[PDB]
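Enquirer: The structure follows.
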Amino acid sequence: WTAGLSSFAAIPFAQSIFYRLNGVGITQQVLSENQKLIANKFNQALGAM
Amino acid sequence: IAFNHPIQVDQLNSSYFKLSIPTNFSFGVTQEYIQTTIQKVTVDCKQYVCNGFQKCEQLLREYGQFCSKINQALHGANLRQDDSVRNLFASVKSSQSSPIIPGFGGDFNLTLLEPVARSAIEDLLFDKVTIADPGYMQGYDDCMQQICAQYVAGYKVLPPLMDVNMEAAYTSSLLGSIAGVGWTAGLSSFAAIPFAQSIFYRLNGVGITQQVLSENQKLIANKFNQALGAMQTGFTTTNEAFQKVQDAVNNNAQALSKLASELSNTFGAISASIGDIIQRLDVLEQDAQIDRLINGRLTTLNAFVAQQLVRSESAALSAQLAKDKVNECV
Amino acid sequence: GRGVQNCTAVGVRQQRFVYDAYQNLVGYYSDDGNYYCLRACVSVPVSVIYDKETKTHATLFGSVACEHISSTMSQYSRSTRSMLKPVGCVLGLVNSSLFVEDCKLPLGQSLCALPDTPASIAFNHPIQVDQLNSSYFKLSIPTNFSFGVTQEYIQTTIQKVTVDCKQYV
Amino acid sequence: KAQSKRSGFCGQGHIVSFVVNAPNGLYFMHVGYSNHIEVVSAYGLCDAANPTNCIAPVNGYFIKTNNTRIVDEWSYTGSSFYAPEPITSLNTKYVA
Amino acid sequence: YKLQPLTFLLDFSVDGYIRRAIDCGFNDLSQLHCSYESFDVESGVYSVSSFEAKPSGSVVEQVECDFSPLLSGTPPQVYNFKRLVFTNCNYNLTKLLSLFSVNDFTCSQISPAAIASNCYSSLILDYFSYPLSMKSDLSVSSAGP
Amino acid sequence: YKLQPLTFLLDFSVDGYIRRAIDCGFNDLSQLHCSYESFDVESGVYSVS
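Protein chains in written order, with the deposited numbering: chain A, 960 to 1008; chain B, 762 to 877, 886 to 915, 924 to 1107; chain C, 613 to 616, 618 to 698, 710 to 742, 760 to 810; chain D, 1108 to 1120, 1122 to 1141, 1144 to 1206; chain E, 316 to 377, 381 to 463; chain F, 316 to 364.
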């Protein structure tokens, strides 16, 4: 969360996507764990583009 | 090589991550100009054309309808600019203000109190820029003693429609408003209003400071006032933002003057300003040369009107962007 | 040419005529051997303030001396048009009924300089909330909801039209 | 879509927004929120106990702890809020 | 009442007879109505033709150069064209016109009355013998030999 | 020195006598000086014939 400046530096890309998804939508980290091949579905979406 | 290399950080496999901590507040920065409006100019048809000669004016009557349309278009562009200016100043009707204090900041040598009427910072910007477009019983009088706008009759400058001192008073009210509007309290509250400090609310928003650090920030605030003084000294042409303000002033003045020189000058070599003015005593010979000259003057005037309409439309979009910045940043 | 003096010495002096990066000439040495600079012919700008409701027209002169201008001036061939139609020079001479008649009127004539002209002067009437020097707050709460405000048109799109070339001509 | 009230591009006042059809375009009906009464308020208080009076929303107010209304109507909230206080500022007995 | 050429917008009724008209020149309002081409114009601030100064006291600065060589001696042939350069000298073109009847007078991009009225920086007068019949052959611009 | 038709940038002093002249034909920099009607031109990359 870069609230002020670049002091926050860097965070793991995969973890950042999960946290941002949790904030944007009701999908939660526990729900994401229940969901299977979520990353594979994201890869399929990139392939479709 | 022009490459400057952005600062870099190292990704860590462990959940704990390296962080970068600032040590200098470095408060104060120079900022861009939104342009906002263009100078308003009205061209008097039947005076620049024919150089106030009745015989040419009789020929001009055939083209009189086109000249009237040109005047209406210029009036419409100026009216659009006036509507944009009033909308921009509407944001100053908010019910938030702070009574002005000569000692606005206890340790702040601020350039915002008017000397006693155009706060020093506005005065400094006005002093460096030079505009010859507006004259009121001064430049016109000086030319007689020896601007030329009235004497050439090519164009007449139109005043901004807002007093600069009245607008400066509105900016002083905005200086009071910034601290009050920028507060946790909803709607309008004066709040602490300590020289725009906004207590610690502004400080916490800009960076997540500690209360002990806030006392250090008060010492840093004296340094910030010195940094603001350095920004005031840096009003040189080298700064791009100041150069942009100068370019806009130069652009409005250059556009009317360059087109006015085309409208009144040698024009066609045979035309010589007025066709056969002294070359031919006969009215018919003078009229034929004049008719060709008049058409050329009208076409250049049409190009000037089209350019002004484009500039006014761009100014209206720029003014809306300036209003947007007042809505969010201010 | 029509032009209006005594000026500082300029030019080689071998040629009486002098120019200033323009076809127009500053002349000089017109009679004998003395500098005689030439100035562009004097022109006085005039504008008309008209109100449709009251059918009233006021002649306005901008950036010109009040004393220099006069009703039906002999020096100028036309004062304004074929026929004509003295307030202090805030912007210039205005020949209008009464004087400034300053009043607390916000606007409505949009005069070139600033007069409301319902030559009345506009009043900012700013709203200010007092702030104590000692740390304090001055919350301001509206008495009534005053819900509802008029909104401007956003344009959105323009009409689509096409012309068949060679058939229209 | 939603109430803004921050950097509002609505009608210079924002509560509710509506959309109406216009010829060759679109039209809007934004709602905005009369004369404002100013009340003098002390800038915070420090209690002897660790929790202290603090300004978080409109807050502020003077004696008797918090006597403020977030809504334009007065006395919208009796004084409920409480919560822990992170730190105490200078001029103790008051956040002032 | 005398009549002079004027531009008037004329109102025509259902009958088509003219019941209303505007001079368009006498008053600023009439000029404004003619511009918009409407009897009623919305209230606004409108510019009108500005006042101009009146011309008076034209200043002309005045030694009469002799024209005797031009009218005396043998005129050389058209190929041997002969001209006399005149600078800083007063001129009497009227005397020359009276002295010789002029079979044809033509001026290119200039007028004879205009030249007499205005001073010229330099004047060249040319005298030479050429056939009167071949007027077309000799010209400022011609295909004549 | 043989006279030839030649575009020239001319500077006239208060006396009115020319003290500074530039030949547009000779030198790329001199041609650039004739452009902008300025004896001194701000540093820039400019196309030449």
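Just so it is clear, CB atoms sit at the ideal spot from N, CA and C, and this is done for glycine as well.
With which residues is C/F778 paired in a DSSP beta bridge?
Expert: The residue you call residue 778 of chain C lines up with position 137 of the third sequence. BP columns for C/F778 point to D/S1151.
Enquirer: What are the boundary residues of the beta strand (DSSP E) that includes E/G359?
Expert: Within the fifth sequence, residue 359 of chain E is the residue found at index 44, counting from 1. Per DSSP, E/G359 belongs to the beta strand (DSSP E) from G359 to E367.
Enquirer: Alpha helix (DSSP H) containing E/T412: first to last residue?
Expert: By 1-based counting over the fifth sequence, the position of residue 412 of chain E is 94. Its alpha helix (DSSP H) spans residues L411 to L417.
Enquirer: For E/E367, would you say it is in contact with chain B, using Cβ-to-Cβ distances shorter than 8 Å as the test?
Expert: Translated into the one-based positions of the fifth sequence, residue 367 of chain E becomes position 52. At least one chain B Cβ lies under 8 Å of E/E367.
Enquirer: What would DSSP say about C/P742, mapped onto helix, strand or coil?
Expert: Here residue 742 of chain C refers to the residue found at position 118 when the third sequence is read from its first residue. Residue state, collapsed to three classes: coil.
Enquirer: Sorted by chain position, which residues of the same chain lie with C-beta nearer than 6 Å to B/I795's C-beta, five sequence neighbours on each side aside?
Expert: Here the question's residue 795 of chain B lines up with position 34 in the second sequence. Excluding residues within five positions, the ones whose Cβ falls inside 6 Å are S1095, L1098 and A1099.
Enquirer: When you compare each of B/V989, B/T1010 and B/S954 to B/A889 by their alpha carbons, which one comes out closest?
Expert: In the second sequence, residue 889 of chain B corresponds to position 120, counting from 1. The shortest C-alpha separation from B/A889 is found at B/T1010.
Enquirer: Would you identify the three-state DSSP class for E/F404, choosing helix, strand or coil?
Expert: Position 86 of the fifth sequence holds residue 404 of chain E. DSSP places E/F404 in strand when its eight states are reduced to three.
Enquirer: Skipping 5 residues on each side, what residues in its chain have a beta carbon closer than 8 Å to that of C/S781?
Expert: What you label residue 781 of chain C is simply residue 140 of the third sequence in a count that begins at 1. Cβ within range, chain order: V770.
Enquirer: For the candidate residues E/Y332, E/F341, E/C383 and E/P393, whose alpha-carbon lies nearest to that of E/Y445?
Expert: Within the fifth sequence, numbered from 1, the residue matching residue 445 of chain E stands at position 127. Per the Cα distances, E/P393.
Enquirer: Could one say the Cβ of B/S787 lies closer than 8 Å to chain A's Cβ atoms, at least one of them?
Expert: Sequence index remark: in the second sequence, residue 787 of chain B carries index 26 (1-based). With 8 Å as the cut-off, B/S787 does not count as an interface residue toward chain A.
Enquirer: Just to confirm, does F/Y361 get its C-beta within under 7 Å of one of the non-hydrogen atoms of the ligand GTP?
Expert: In the structure shown, the ligand GTP is absent, as is every other ligand, since no ligand is present at all.
Enquirer: Taking the alpha carbon of B/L1070 as the point to measure from, which residue in B/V958, B/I1051 and B/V1022 has its own alpha carbon closest?
Expert: Here residue 1070 of chain B refers to the residue found at position 293 of the second sequence. Measuring from the Cα of B/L1070, the nearest candidate turns out to be B/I1051.
Enquirer: My understanding is that B/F1012 touches B/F788, with C-beta atoms under 8 Å, so please give their C-beta distance in whole angstroms.
Expert: Looking up residue 1012 of chain B in the second sequence gives position 235. Looking up residue 788 of chain B in the second sequence gives position 27. That belief does not hold up - the Cβ atoms of B/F1012 and B/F788 are roughly 18 Å apart, past 8 Å.
Enquirer: Tell me the start and end of each unbroken alpha helix (DSSP H) in the stretch 947-992 of chain B that is at least 4 residues and wholly inside, in chain order.
Expert: With a minimum length of 4 residues, the continuous alpha helix (DSSP H) runs that stay inside the stretch 947-992 of chain B are 978-983.
Enquirer: Could you spell out the range, first to last residue, of the beta strand (DSSP E) harbouring D/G1133?
Expert: By one-based count along the fourth sequence, residue 1133 of chain D stands at place 25. Element bounds for D/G1133: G1133 to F1136.
Enquirer: Which same chain residues, not among the five before or five after D/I1180, have their C-beta less than 7 Å away from its C-beta?
Expert: Within the fourth sequence, numbered from 1, the residue matching residue 1180 of chain D stands at position 70. Here the set comprises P1167, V1168, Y1186 and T1187.
Enquirer: Going by the beta-carbon positions, is the gap between B/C806 and B/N832 smaller than 8 Å?
Expert: Within the second sequence, numbered from 1, the residue matching residue 806 of chain B stands at position 45. Within the second sequence, numbered from 1, the residue matching residue 832 of chain B stands at position 71. Contact: yes.
Enquirer: Quick one, which of D/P1196, D/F1191, D/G1154 and D/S1189 has its alpha-carbon nearest D/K1203's?
Expert: Along the fourth sequence, read from residue 1 onward, the residue named residue 1203 of chain D stands at position 93. Out of D/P1196, D/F1191, D/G1154 and D/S1189, D/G1154 has the C-alpha closest to the C-alpha of D/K1203.
Enquirer: Could you pull the start and end residues of the beta strand (DSSP E) that E/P430 belongs to?
Expert: Locating residue 430 of chain E in the fifth sequence gives position 112, where the first residue counts as 1. No beta strand (DSSP E) contains E/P430, which is instead part of the alpha helix (DSSP H) from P430 to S435.
Enquirer: Within the same chain, show all residues whose beta-carbon is closer than 8 Å to that of A/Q987, passing over the 5 residues directly before and after it, in chain order.
Expert: Residue mapping note: residue 987 of chain A aligns to position 28 of the first sequence, counting from 1. Hits under 8 Å: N981.
Enquirer: Does DSSP put B/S1089 in a helix, in a strand, or in coil?
Expert: To locate residue 1089 of chain B, count along the second sequence from 1; it is residue 312. Of the three classes helix, strand and coil, the one that applies to B/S1089 here is helix, per DSSP.
Enquirer: Closest by CA to D/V1139, which one among D/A1109, D/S1151, D/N1176 and D/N1163?
Expert: Position 31 of the fourth sequence, counting from 1, holds the residue named residue 1139 of chain D. Among D/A1109, D/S1151, D/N1176 and D/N1163, the Cα nearest to that of D/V1139 belongs to D/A1109.
Enquirer: Just reading off the alpha helix (DSSP H) that A/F1001 is part of, what are its end residues?
Expert: Residue mapping note: residue 1001 of chain A aligns to position 42 of the first sequence, counting from 1. Element bounds for A/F1001: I997 to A1007.
Enquirer: What residues from chain B crowd round C/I782, counting only those whose CB sits closer than 8 Å?
Expert: Position 141 of the third sequence, counted from the start, is the residue given in the question as residue 782 of chain C. Chain B residues near C/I782: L964.
Enquirer: Could you check where the alpha helix (DSSP H) with C/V659 kicks off and where it finishes?
Expert: As a working note, residue 659 of chain C is residue 46 in the third sequence. Not the alpha helix (DSSP H): C/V659 falls in the beta strand (DSSP E), residues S656 to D664.
Enquirer: Return yes when the Cβ of B/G963 is within less than 8 Å of the Cβ of B/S975, no when it is not.
Expert: Residue mapping note: residue 975 of chain B aligns to position 198 of the second sequence, counting from 1. Residue mapping note: residue 963 of chain B aligns to position 186 of the second sequence, counting from 1. No, the Cβ-Cβ distance between B/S975 and B/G963 is not below 8 Å.
Enquirer: Among B/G931, B/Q994, B/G1045 and B/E1062, which residue has its Cα nearest to the Cα of C/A653?
Expert: As a position in the third sequence, residue 653 of chain C is number 40, starting the count at 1. Nearest of B/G931, B/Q994, B/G1045 and B/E1062 to C/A653, Cα basis: B/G931.
Enquirer: What residues from chain B crowd round A/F967, counting only those whose CB sits closer than 8 Å?
Expert: Counting from 1 along the first sequence, the entry for residue 967 of chain A is found at position 8. What A/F967 touches in chain B: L780.
Enquirer: Of the residues B/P937, B/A1049 and B/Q857, which one's Cα is nearest the Cα of C/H766?
Expert: Against the third sequence, residue 766 of chain C aligns to sequence position 125. Ranking the options by Cα distance to C/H766, first place goes to B/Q857.
Enquirer: What residue range does the alpha helix (DSSP H) around E/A336 cover?
Expert: Counting from 1 along the fifth sequence, the entry for residue 336 of chain E is found at position 21. Looking at the DSSP string, E/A336 is not in any alpha helix (DSSP H); the run it does join, the beta strand (DSSP E), is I333 to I337.
Enquirer: Using a 10 Å radius around the Cβ and a threshold of 16 neighbouring Cβ atoms, would you call D/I1165 buried or exposed?
Expert: On the fourth sequence, position 55 is the one that residue 1165 of chain D refers to. Under this definition D/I1165 is a buried residue.
Enquirer: Quick one: what's got a C-beta closer than 8 Å to E/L417's C-beta in the same chain, skipping five residues either side?
Expert: Locating residue 417 of chain E in the fifth sequence gives position 99, where the first residue counts as 1. Correct list, in chain order: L389.
Enquirer: From what residue to what residue does the alpha helix (DSSP H) around B/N1028 run?
Expert: One-based indexing of the second sequence puts residue 1028 of chain B at position 251. Where B/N1028 is concerned, the enclosing alpha helix (DSSP H) stretches over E1017 to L1040.
Enquirer: Taking contact to mean 3 or more Cβ pairs, one atom from each stretch, closer than 8 Å, check whether the stretch 618-629 of chain C and the stretch 863-874 of chain B are in contact.
Expert: With a cut-off of 8 Å, the stretch 863-874 of chain B and the stretch 618-629 of chain C do not count as touching, because too few Cβ pairs lie within range.
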